[PDB]
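See below for structure.pdb, which holds PDB, C-alpha atoms and all ligand atoms.
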```
ATOM      1  CA  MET A   1     -10.146   3.260  13.946  1.00  0.00           C
ATOM      2  CA  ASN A   2      -6.775   2.423  15.349  1.00  0.00           C
ATOM      3  CA  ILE A   3      -5.281   0.880  18.377  1.00  0.00           C
ATOM      4  CA  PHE A   4      -5.451   3.925  20.566  1.00  0.00           C
ATOM      5  CA  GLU A   5      -9.029   4.453  19.704  1.00  0.00           C
ATOM      6  CA  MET A   6      -9.789   0.853  20.196  1.00  0.00           C
ATOM      7  CA  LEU A   7      -8.181   0.650  23.623  1.00  0.00           C
ATOM      8  CA  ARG A   8      -9.735   3.934  24.640  1.00  0.00           C
ATOM      9  CA  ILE A   9     -13.075   2.352  24.019  1.00  0.00           C
ATOM     10  CA  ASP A  10     -12.313  -0.817  26.029  1.00  0.00           C
ATOM     11  CA  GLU A  11     -10.607   0.844  29.011  1.00  0.00           C
ATOM     12  CA  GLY A  12     -12.328   4.205  29.204  1.00  0.00           C
ATOM     13  CA  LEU A  13     -10.708   7.208  30.883  1.00  0.00           C
ATOM     14  CA  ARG A  14     -10.723   8.106  34.613  1.00  0.00           C
ATOM     15  CA  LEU A  15      -8.682  10.861  36.126  1.00  0.00           C
ATOM     16  CA  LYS A  16      -8.990   9.694  39.602  1.00  0.00           C
ATOM     17  CA  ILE A  17      -7.645   6.413  41.090  1.00  0.00           C
ATOM     18  CA  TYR A  18     -10.256   3.632  40.647  1.00  0.00           C
ATOM     19  CA  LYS A  19     -10.406  -0.143  40.895  1.00  0.00           C
ATOM     20  CA  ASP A  20     -10.372  -2.256  37.834  1.00  0.00           C
ATOM     21  CA  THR A  21     -12.601  -5.303  37.106  1.00  0.00           C
ATOM     22  CA  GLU A  22     -10.232  -7.403  39.378  1.00  0.00           C
ATOM     23  CA  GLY A  23     -10.300  -4.824  42.108  1.00  0.00           C
ATOM     24  CA  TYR A  24      -6.858  -3.423  41.434  1.00  0.00           C
ATOM     25  CA  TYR A  25      -5.919   0.154  41.641  1.00  0.00           C
ATOM     26  CA  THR A  26      -5.725   1.789  38.251  1.00  0.00           C
ATOM     27  CA  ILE A  27      -5.929   5.280  36.762  1.00  0.00           C
ATOM     28  CA  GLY A  28      -6.272   6.900  33.310  1.00  0.00           C
ATOM     29  CA  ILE A  29      -6.756   4.572  30.384  1.00  0.00           C
ATOM     30  CA  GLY A  30      -6.336   1.229  31.972  1.00  0.00           C
ATOM     31  CA  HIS A  31      -3.000   2.026  33.576  1.00  0.00           C
ATOM     32  CA  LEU A  32      -2.579  -0.467  36.447  1.00  0.00           C
ATOM     33  CA  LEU A  33      -0.845   0.990  39.386  1.00  0.00           C
ATOM     34  CA  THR A  34      -0.524  -1.856  41.843  1.00  0.00           C
ATOM     35  CA  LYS A  35      -2.101  -5.132  42.753  1.00  0.00           C
ATOM     36  CA  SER A  36      -1.631  -4.213  46.395  1.00  0.00           C
ATOM     37  CA  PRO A  37      -4.725  -3.476  48.423  1.00  0.00           C
ATOM     38  CA  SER A  38      -3.183  -0.406  49.760  1.00  0.00           C
ATOM     39  CA  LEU A  39      -4.347   2.896  48.446  1.00  0.00           C
ATOM     40  CA  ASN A  40      -1.226   4.568  49.654  1.00  0.00           C
ATOM     41  CA  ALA A  41       0.820   2.153  47.852  1.00  0.00           C
ATOM     42  CA  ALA A  42      -1.278   3.105  44.854  1.00  0.00           C
ATOM     43  CA  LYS A  43      -0.754   6.778  45.383  1.00  0.00           C
ATOM     44  CA  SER A  44       2.859   6.257  45.801  1.00  0.00           C
ATOM     45  CA  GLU A  45       3.110   4.438  42.522  1.00  0.00           C
ATOM     46  CA  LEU A  46       1.054   7.108  40.859  1.00  0.00           C
ATOM     47  CA  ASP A  47       3.393   9.858  42.017  1.00  0.00           C
ATOM     48  CA  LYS A  48       6.322   7.960  40.901  1.00  0.00           C
ATOM     49  CA  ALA A  49       4.843   7.344  37.436  1.00  0.00           C
ATOM     50  CA  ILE A  50       3.820  10.988  36.892  1.00  0.00           C
ATOM     51  CA  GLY A  51       6.640  12.628  38.541  1.00  0.00           C
ATOM     52  CA  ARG A  52       4.801  14.907  41.015  1.00  0.00           C
ATOM     53  CA  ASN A  53       2.684  14.823  44.210  1.00  0.00           C
ATOM     54  CA  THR A  54      -0.536  13.995  42.660  1.00  0.00           C
ATOM     55  CA  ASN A  55      -2.812  13.157  45.485  1.00  0.00           C
ATOM     56  CA  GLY A  56      -4.566  10.475  43.301  1.00  0.00           C
ATOM     57  CA  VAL A  57      -5.710  12.813  40.562  1.00  0.00           C
ATOM     58  CA  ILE A  58      -4.047  13.409  37.209  1.00  0.00           C
ATOM     59  CA  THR A  59      -4.871  15.461  34.285  1.00  0.00           C
ATOM     60  CA  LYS A  60      -6.000  14.369  30.807  1.00  0.00           C
ATOM     61  CA  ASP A  61      -2.655  15.035  29.314  1.00  0.00           C
ATOM     62  CA  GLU A  62      -1.000  13.012  32.047  1.00  0.00           C
ATOM     63  CA  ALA A  63      -3.441  10.203  31.277  1.00  0.00           C
ATOM     64  CA  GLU A  64      -2.600  10.221  27.609  1.00  0.00           C
ATOM     65  CA  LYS A  65       1.022  10.243  28.411  1.00  0.00           C
ATOM     66  CA  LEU A  66       0.790   7.022  30.477  1.00  0.00           C
ATOM     67  CA  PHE A  67      -1.313   5.607  27.632  1.00  0.00           C
ATOM     68  CA  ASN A  68       1.217   6.344  24.946  1.00  0.00           C
ATOM     69  CA  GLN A  69       3.935   4.697  27.049  1.00  0.00           C
ATOM     70  CA  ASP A  70       1.804   1.718  27.731  1.00  0.00           C
ATOM     71  CA  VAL A  71       0.827   1.121  24.093  1.00  0.00           C
ATOM     72  CA  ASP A  72       4.472   1.477  23.098  1.00  0.00           C
ATOM     73  CA  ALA A  73       5.547  -0.948  25.839  1.00  0.00           C
ATOM     74  CA  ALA A  74       2.945  -3.483  24.627  1.00  0.00           C
ATOM     75  CA  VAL A  75       4.122  -3.371  21.043  1.00  0.00           C
ATOM     76  CA  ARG A  76       7.745  -3.679  22.078  1.00  0.00           C
ATOM     77  CA  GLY A  77       6.905  -6.498  24.420  1.00  0.00           C
ATOM     78  CA  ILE A  78       5.263  -8.450  21.568  1.00  0.00           C
ATOM     79  CA  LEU A  79       8.293  -7.853  19.326  1.00  0.00           C
ATOM     80  CA  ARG A  80      10.599  -9.081  21.967  1.00  0.00           C
ATOM     81  CA  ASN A  81       8.590 -12.161  22.820  1.00  0.00           C
ATOM     82  CA  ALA A  82       9.737 -15.336  21.043  1.00  0.00           C
ATOM     83  CA  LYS A  83       6.217 -16.695  21.088  1.00  0.00           C
ATOM     84  CA  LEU A  84       4.336 -13.550  20.120  1.00  0.00           C
ATOM     85  CA  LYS A  85       6.521 -12.034  17.570  1.00  0.00           C
ATOM     86  CA  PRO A  86       5.970 -14.576  14.821  1.00  0.00           C
ATOM     87  CA  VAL A  87       2.265 -14.426  15.413  1.00  0.00           C
ATOM     88  CA  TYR A  88       2.159 -10.665  15.158  1.00  0.00           C
ATOM     89  CA  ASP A  89       4.388 -10.724  12.055  1.00  0.00           C
ATOM     90  CA  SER A  90       2.018 -13.069  10.348  1.00  0.00           C
ATOM     91  CA  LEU A  91      -1.054 -10.968  10.856  1.00  0.00           C
ATOM     92  CA  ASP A  92      -2.789  -8.179   8.944  1.00  0.00           C
ATOM     93  CA  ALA A  93      -3.058  -4.674  10.410  1.00  0.00           C
ATOM     94  CA  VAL A  94      -6.433  -5.020  12.090  1.00  0.00           C
ATOM     95  CA  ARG A  95      -5.699  -8.293  13.707  1.00  0.00           C
ATOM     96  CA  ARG A  96      -2.271  -7.068  15.031  1.00  0.00           C
ATOM     97  CA  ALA A  97      -4.302  -4.402  16.834  1.00  0.00           C
ATOM     98  CA  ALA A  98      -6.290  -7.244  18.469  1.00  0.00           C
ATOM     99  CA  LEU A  99      -3.158  -8.908  19.718  1.00  0.00           C
ATOM    100  CA  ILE A 100      -1.893  -5.650  21.094  1.00  0.00           C
ATOM    101  CA  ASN A 101      -5.174  -5.124  23.006  1.00  0.00           C
ATOM    102  CA  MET A 102      -4.903  -8.467  24.602  1.00  0.00           C
ATOM    103  CA  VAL A 103      -1.291  -7.813  25.682  1.00  0.00           C
ATOM    104  CA  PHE A 104      -2.228  -4.401  26.996  1.00  0.00           C
ATOM    105  CA  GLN A 105      -4.889  -6.054  29.063  1.00  0.00           C
ATOM    106  CA  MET A 106      -3.213  -9.314  30.312  1.00  0.00           C
ATOM    107  CA  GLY A 107       0.434  -8.862  29.765  1.00  0.00           C
ATOM    108  CA  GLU A 108       2.751 -10.647  27.470  1.00  0.00           C
ATOM    109  CA  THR A 109       3.085 -13.532  29.626  1.00  0.00           C
ATOM    110  CA  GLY A 110      -0.576 -14.051  29.868  1.00  0.00           C
ATOM    111  CA  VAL A 111      -1.038 -13.946  26.202  1.00  0.00           C
ATOM    112  CA  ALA A 112       1.953 -16.097  25.345  1.00  0.00           C
ATOM    113  CA  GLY A 113      -0.022 -18.729  27.287  1.00  0.00           C
ATOM    114  CA  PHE A 114      -2.793 -19.178  24.767  1.00  0.00           C
ATOM    115  CA  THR A 115      -0.685 -21.558  22.933  1.00  0.00           C
ATOM    116  CA  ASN A 116      -3.286 -23.124  20.951  1.00  0.00           C
ATOM    117  CA  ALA A 117      -5.143 -20.003  19.848  1.00  0.00           C
ATOM    118  CA  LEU A 118      -1.725 -18.629  18.885  1.00  0.00           C
ATOM    119  CA  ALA A 119      -0.977 -21.510  16.541  1.00  0.00           C
ATOM    120  CA  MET A 120      -4.408 -21.231  15.086  1.00  0.00           C
ATOM    121  CA  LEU A 121      -4.085 -17.535  14.463  1.00  0.00           C
ATOM    122  CA  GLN A 122      -0.760 -18.045  12.824  1.00  0.00           C
ATOM    123  CA  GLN A 123      -2.317 -20.622  10.553  1.00  0.00           C
ATOM    124  CA  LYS A 124      -5.137 -18.266   9.701  1.00  0.00           C
ATOM    125  CA  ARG A 125      -7.882 -20.547  11.001  1.00  0.00           C
ATOM    126  CA  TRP A 126     -10.093 -17.643  12.198  1.00  0.00           C
ATOM    127  CA  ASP A 127     -13.180 -19.384  13.382  1.00  0.00           C
ATOM    128  CA  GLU A 128     -11.225 -22.070  15.222  1.00  0.00           C
ATOM    129  CA  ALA A 129      -9.091 -19.590  17.062  1.00  0.00           C
ATOM    130  CA  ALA A 130     -12.166 -17.656  18.169  1.00  0.00           C
ATOM    131  CA  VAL A 131     -13.728 -20.650  19.560  1.00  0.00           C
ATOM    132  CA  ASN A 132     -10.637 -21.481  21.500  1.00  0.00           C
ATOM    133  CA  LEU A 133     -10.118 -17.958  22.763  1.00  0.00           C
ATOM    134  CA  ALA A 134     -13.641 -17.990  24.268  1.00  0.00           C
ATOM    135  CA  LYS A 135     -12.802 -20.947  26.528  1.00  0.00           C
ATOM    136  CA  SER A 136     -10.819 -18.871  29.002  1.00  0.00           C
ATOM    137  CA  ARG A 137     -11.149 -17.117  32.224  1.00  0.00           C
ATOM    138  CA  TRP A 138     -10.537 -13.899  30.252  1.00  0.00           C
ATOM    139  CA  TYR A 139     -13.722 -14.388  28.298  1.00  0.00           C
ATOM    140  CA  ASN A 140     -15.801 -15.517  31.335  1.00  0.00           C
ATOM    141  CA  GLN A 141     -14.757 -12.462  33.388  1.00  0.00           C
ATOM    142  CA  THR A 142     -14.925  -9.700  30.738  1.00  0.00           C
ATOM    143  CA  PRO A 143     -17.191 -11.237  28.115  1.00  0.00           C
ATOM    144  CA  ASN A 144     -18.156  -8.070  26.287  1.00  0.00           C
ATOM    145  CA  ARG A 145     -14.613  -6.836  25.817  1.00  0.00           C
ATOM    146  CA  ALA A 146     -13.440 -10.328  25.038  1.00  0.00           C
ATOM    147  CA  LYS A 147     -16.199 -10.688  22.432  1.00  0.00           C
ATOM    148  CA  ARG A 148     -15.139  -7.429  20.778  1.00  0.00           C
ATOM    149  CA  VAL A 149     -11.497  -8.573  20.500  1.00  0.00           C
ATOM    150  CA  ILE A 150     -12.509 -12.079  19.407  1.00  0.00           C
ATOM    151  CA  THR A 151     -14.703 -10.693  16.600  1.00  0.00           C
ATOM    152  CA  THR A 152     -11.843  -8.522  15.371  1.00  0.00           C
ATOM    153  CA  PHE A 153      -9.680 -11.628  15.055  1.00  0.00           C
ATOM    154  CA  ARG A 154     -12.503 -13.559  13.481  1.00  0.00           C
ATOM    155  CA  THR A 155     -13.269 -10.936  10.927  1.00  0.00           C
ATOM    156  CA  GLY A 156     -10.318  -8.822  10.382  1.00  0.00           C
ATOM    157  CA  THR A 157     -12.538  -5.719  10.494  1.00  0.00           C
ATOM    158  CA  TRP A 158     -13.351  -3.089  13.121  1.00  0.00           C
ATOM    159  CA  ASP A 159     -16.997  -3.870  13.052  1.00  0.00           C
ATOM    160  CA  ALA A 160     -17.196  -4.809  16.756  1.00  0.00           C
ATOM    161  CA  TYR A 161     -16.127  -1.337  17.517  1.00  0.00           C
ATOM    162  CA  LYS A 162     -18.440   0.597  15.286  1.00  0.00           C
TER     163      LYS A 162
HETATM  164 CL    CL B 201       5.097   3.959  34.448  1.00  0.00          CL
HETATM  165 CL    CL B 202     -16.535  -6.841  29.575  1.00  0.00          CL
END
```

As structure tokens, how would this structure be written, given the file I've shared?
Amino acid sequence: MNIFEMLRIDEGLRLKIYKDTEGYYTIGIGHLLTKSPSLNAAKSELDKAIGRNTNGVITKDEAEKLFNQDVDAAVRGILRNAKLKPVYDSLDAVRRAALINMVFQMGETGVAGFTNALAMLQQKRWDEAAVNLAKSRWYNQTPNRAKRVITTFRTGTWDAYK
């Protein structure tokens, strides 16, 4: 398993503009287009991201291309973040994938906010961090995805995904 595979499982793949769990316009593999309620605004952002008049539909290749960019942006965002970087650097391979998933999902800023869980992860107190991570809006809104990520941090294995 790897990060791409993991995120592909959590986000799925849709080739036509859809609304995410928060009601925002998204396409592909969890690629958020806009938080605006306007579908045209969405279509406009899609066209701009893809580089052609799409009419709200993209191909599989196009989808994977946005995905590759997005995973790369997430990693680079972590590495650039003063709060995240040290955490990421301290972790094993599996658990770094967990941190990336969270950033992919909520953004660097959102994640940098789990101060306490961050300190706990860095200190390798697995069970404590999981308990803290679960007390969050994130967990209450997308409990199954959150539980998968949380288990990965707890265990250091891909079991939640097999
Ligand atoms: Cl983009
Ligand atoms: Cl969920």

Next item on the list: Mind checking which residues fall within 12 Å of residue 3 of chain A, counting only C-alpha atoms, ignoring those fewer than 2 positions away in the same chain, and posting them as an MDAnalysis selection string?
Entry: chainID A and resid 1 5:11 67:68 70:72 74:75 93:102 104 149 152 158 161

Report as a tab-separated table: every residue of chain A with an atom at most 9 Å from ligand CL 201 (chain B), its closest pair of atoms, and their distance in Å to one decimal, counting all atoms listed in the file, with rows sorted by chain and ascending residue number.
```
residue	atom	partner	partner_atom	distance
A:31	CA	B:CL201	CL	8.4
A:33	CA	B:CL201	CL	8.3
A:45	CA	B:CL201	CL	8.3
A:46	CA	B:CL201	CL	8.2
A:48	CA	B:CL201	CL	7.7
A:49	CA	B:CL201	CL	4.5
A:50	CA	B:CL201	CL	7.6
A:66	CA	B:CL201	CL	6.6
A:69	CA	B:CL201	CL	7.5
A:70	CA	B:CL201	CL	7.8
```

Checklist line | Pick from A:125, A:76, A:145, A:16 nearest to ligand CL 202 (chain B), counting all atoms listed in the file | finding: A:145

Give me, as a tab-separated table, each residue of chain A that comes within 10 Å of ligand CL 202 (chain B), together with its shortest interatomic pair and the distance in Å at one decimal, counting only C-alpha atoms and all ligand atoms, with rows ordered by chain and rising residue number.
```
residue	atom	partner	partner_atom	distance
A:10	CA	B:CL202	CL	8.2
A:11	CA	B:CL202	CL	9.7
A:21	CA	B:CL202	CL	8.6
A:138	CA	B:CL202	CL	9.3
A:139	CA	B:CL202	CL	8.2
A:140	CA	B:CL202	CL	8.9
A:141	CA	B:CL202	CL	7.0
A:142	CA	B:CL202	CL	3.5
A:143	CA	B:CL202	CL	4.7
A:144	CA	B:CL202	CL	3.9
A:145	CA	B:CL202	CL	4.2
A:146	CA	B:CL202	CL	6.5
A:147	CA	B:CL202	CL	8.1
A:148	CA	B:CL202	CL	8.9
```

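Taking atom CA of residue 155 of chain A and atom CA of residue 119 of chain A as the two end points, the separation is 17.2 Å.
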
Note to self: Just to confirm, what's the straight-line distance from atom CA of residue 154 of chain A to atom CA of residue 117 of chain A in Å (one decimal)?
What the structure shows: 11.7 Å

Assuming the chain letters and numbering stay as they are in my file, what does the PyMOL selection byres (((chain A and resi 34) around 10) and not hetatm) actually select? List them as an mmCIF file with C-alpha atoms, in the frame of the given file.
```cif
data_model
loop_
_atom_site.group_PDB
_atom_site.id
_atom_site.type_symbol
_atom_site.label_atom_id
_atom_site.label_comp_id
_atom_site.auth_asym_id
_atom_site.auth_seq_id
_atom_site.Cartn_x
_atom_site.Cartn_y
_atom_site.Cartn_z
ATOM 1 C CA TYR A 24 -6.858 -3.423 41.434
ATOM 2 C CA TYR A 25 -5.919 0.154 41.641
ATOM 3 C CA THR A 26 -5.725 1.789 38.251
ATOM 4 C CA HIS A 31 -3.000 2.026 33.576
ATOM 5 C CA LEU A 32 -2.579 -0.467 36.447
ATOM 6 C CA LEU A 33 -0.845 0.990 39.386
ATOM 7 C CA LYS A 35 -2.101 -5.132 42.753
ATOM 8 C CA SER A 36 -1.631 -4.213 46.395
ATOM 9 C CA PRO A 37 -4.725 -3.476 48.423
ATOM 10 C CA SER A 38 -3.183 -0.406 49.760
ATOM 11 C CA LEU A 39 -4.347 2.896 48.446
ATOM 12 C CA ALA A 41 0.820 2.153 47.852
ATOM 13 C CA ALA A 42 -1.278 3.105 44.854
ATOM 14 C CA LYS A 43 -0.754 6.778 45.383
ATOM 15 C CA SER A 44 2.859 6.257 45.801
ATOM 16 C CA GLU A 45 3.110 4.438 42.522
ATOM 17 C CA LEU A 46 1.054 7.108 40.859
#
```

Item checked: Computed interatomic separation between atom CA of residue 86 of chain A and atom CA of residue 118 of chain A (Å) -> 9.6 Å
